[PDB]
Structures are given as C-alpha cells and as structure tokens.
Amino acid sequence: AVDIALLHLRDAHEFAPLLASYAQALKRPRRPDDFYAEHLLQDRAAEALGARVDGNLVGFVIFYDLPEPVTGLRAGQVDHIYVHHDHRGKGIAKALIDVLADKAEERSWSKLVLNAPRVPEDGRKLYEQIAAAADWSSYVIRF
C-alpha cells in the first residue's frame, strides 16, 4: 500500500500543500504554496523522498547528501519529516527513514544525521525510538 519514491520538480504542485501543512507548525507567507515546493525541488543539494497511499501523496522527508570531512565519505542529513494527519498511526514516517537508510551503500554514507525540531514533536518522537542520541552540541545565531 505505501509507495515511497524520490520527488522531482514534476511533483512540486502535489508536494506544495503537504509542505504547507508542515510549515504551519514551524510558523513564519508572501509566497504561494507552490513557490516553496518549486524552490526546494530546484536546489540540487536537497532531495526529498515522498510517500504515496492510494495514489495520494501523504508524507515526505527532506534530506541532504553532504560531504563528511572526518571520514572522507559522505553522510545524510534530515531536518524535516512530515506525515499527513489522516495517515498517522500507520508507520509511514519510519518507512521513509528506512528507505533513506537503505541508500547508505549507494551514497557511501557513514551515517544518517536526524535533526528534530522542537515543534512539531513527531520527528523527535520517531527518532528517539529508532536512532542513537547525538553526542555533539548545537548553537544558533539569528539574523
């Protein structure tokens, strides 16, 4: 039932409302919904995996394939995961991370870093069950 595949620029319009719902948690929009979907899908540094149920796009995960200077290999980095609220309790978010983790060999990843925002809690609630706590510390300067 759950079909997971990489999103491309073709999918911006379908991706747009799903991304808009996720952003409504993280607050802020002088652009329409399609602008944010098209903007991300035209950045070659970002990739997004999508989850479809019965033809409808009902989840996504945005990830970066980044250089890893310490080992000289690469690493994946996830900052954003979201499942449509009518499709909770189905294990979809974990299915998205599982597919991403399975790309490790293809991409020469030594690791997958998962960053969970404070709100919404869904990324955090998933990651703490399926991954190890990070041992580095993080800081931010706002502009």
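Residue numbers run from 1 along the displayed sequence.
Colleague: Deposited residues absent from the coordinates between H85 and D86, none, 1 to 3, 4 to 9, or 10 or more?
Modeller: Going from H85 to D86, the model skips no residues of the deposited sequence.
Colleague: Higher average CA B factor in the deposited record is what I'm after, so tell me if that's 29-37 or 89-97.
Modeller: Mean B over CA atoms: larger for 29-37.
Colleague: Do the CA atoms of 131-139 or those of 18-26 have the higher mean B-factor in the entry?
Modeller: The recorded data point to 18-26.
Colleague: Which listed residue, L66, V70, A116, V113, has the largest C-alpha temperature factor in the record?
Modeller: So the option with the highest C-alpha B-factor is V70.
Colleague: Ranking every modelled residue in this chain by its Cα temperature factor as given in the entry, which third contains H80?
Modeller: It belongs to the lowest third of the chain when residues are ordered by C-alpha B-factor.
Colleague: Thinking about Cα B factors across the chain, which third does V53 belong to?
Modeller: It belongs to the highest third of the chain when residues are ordered by C-alpha B-factor.
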